[PDB]
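Next comes just one chain, in structure tokens: the form deposited in one PDB entry.
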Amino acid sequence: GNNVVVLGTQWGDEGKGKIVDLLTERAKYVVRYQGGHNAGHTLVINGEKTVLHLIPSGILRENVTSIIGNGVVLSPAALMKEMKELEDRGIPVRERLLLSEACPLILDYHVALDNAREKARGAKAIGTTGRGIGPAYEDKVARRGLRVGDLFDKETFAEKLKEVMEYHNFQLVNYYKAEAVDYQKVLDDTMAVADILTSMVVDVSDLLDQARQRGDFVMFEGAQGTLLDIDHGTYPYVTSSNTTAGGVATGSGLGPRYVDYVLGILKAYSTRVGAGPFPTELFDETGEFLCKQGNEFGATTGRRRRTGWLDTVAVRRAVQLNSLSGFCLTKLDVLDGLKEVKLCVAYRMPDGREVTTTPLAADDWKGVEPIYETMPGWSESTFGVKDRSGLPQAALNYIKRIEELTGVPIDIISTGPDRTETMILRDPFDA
């Protein structure tokens, strides 16, 4: 497929970053279709780490033009901060990076509000990244949200910002009894970056249309995972954006029909950060062990991630929703040393029902229970193997099973953070 997609099945942290990079060695474009600066896609080339939040994981490549579609929330401060850091490391960001005229803007109050709201909820605290994502998406749909294109006329801009800010401030000081977020500073801060920003602007809709008719390999890169989807996730303990493969055409501008392959990244175990239902969770040794064995802390907020076994019931929702074509199995090595690995084949509802289908909203997960299928483990190390035959039959079997339990082929295995600690049995871009 010319148009290959790569997104996350679980609750994010599957390892999209490494995968986009590693895969883009033929990519003309690379697009972020949704999200804000809440992701933390990590790359490790020949031994050197890189932690990309808002900047597409195709940035570390000359040939690839990295873009950020209309479906993205953009924090000016955020962008520039990532820019500097990437620049000082030799990456010509300003040259490679492209960006949407339509991307709504994330200013400081969007953080202010996010901050305030998460407080009011007290106990029922979702677990937001503190990056103002929600409020920007909000204002966006409200039709008061400022977008990149508004910067194309500093005159009227500060006029709108004046109103928008006043409004958001009335509730900051009167409702939440908080502190007014100062307009002027917002403006000063925003004006000292406009020209740099507005310089990379483009009509990404027509771009994709063009590339397509030429036949340019294009790869979309998703932030977060399906179960966190605004519409189809464990609401409301989810993200404010359609992290599903339908976000592509809505977030980029490209027509739905031109998607040629959706690659679902699948972490060999489960992890969740932020509050919400996590059926297969663990609080025993294996729980902490998985947290340790795979360095499980939120690559943006540092929050220690929760562990559990690969929930196959959950995966299957993803499989249908995102129309997978194959699976990218990441983190196998974390399972090394276990005496036994077990996955979840079905749910036992709180009323006695056994089922292989999932509950929607958060409430509906209230008493669900994991029904496993324990398989042997392995003391052998699968770390860095790049050939199937370097995987012991046990682990080999764990793969065979997951293909069956899903009907989706695991076209890629990954034995490490480093781009070369990967095994490719089926390349998205050519089949």
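All residue numbers are counted from 1 along the displayed sequence.
Legend: mean Cα B-factor per stretch from the PDB entry, 367-375 versus 386-394; the higher mean is in 386-394. The mean Cα B-factor in the deposited entry runs higher for 182-190 than for the other of 182-190 and 209-217. Per the PDB entry, 289 shows the highest C-alpha temperature factor of the residues 235, 261, 289, 309. The residue among 138, 351, 281, 159 whose C-alpha atom has the highest B-factor in the PDB entry is 159. Compared with the other modelled residues of the chain, the Cα B-factor recorded for residue 272 ranks in the lowest third. Sort the modelled residues of the chain by CA B factor and residue 34 lands in the lowest third.
For residue 223, the recorded CA temperature factor ranks within the middle third of the chain's modelled residues.
Ranked within its chain, residue 44 lands in the lowest third, by CA B factor from the PDB record.
In the deposited entry, the Cα temperature factor of residue 61 places it in the middle third of its chain's modelled residues.
Same protein, other form: the form solved in complex with a small molecule, not shown, and the subject of what follows.
When contacts are judged by a 4.5 Å heavy atom cut-off, residue 334 counts as touching the small molecule in the bound PDB entry. By the criterion of a heavy atom within 4.5 Å, residue 44 is counted among the residues contacting the small molecule in the bound PDB entry. Proximity of residue 417 to the small molecule in the bound PDB entry: non-hydrogen atoms within 4.5 Å are present. Although the partner is absent here, residue 305 lies within 4.5 Å of the small molecule in the bound PDB entry, judged by heavy atoms. Listed stretches are 147-155, 323-331, 341-349, 207-215; the contact stretch with the small molecule in the bound PDB entry is 323-331, by a heavy atom cutoff of 4.5 Å. In summary, among the residues 392, 40, 377, 370, the only one with a non-hydrogen atom within 4.5 Å of the small molecule in the bound PDB entry is 40. For the options 161, 111, 83, 299, the one in contact with the small molecule in the bound PDB entry, meaning a heavy atom within 4.5 Å, is 299.
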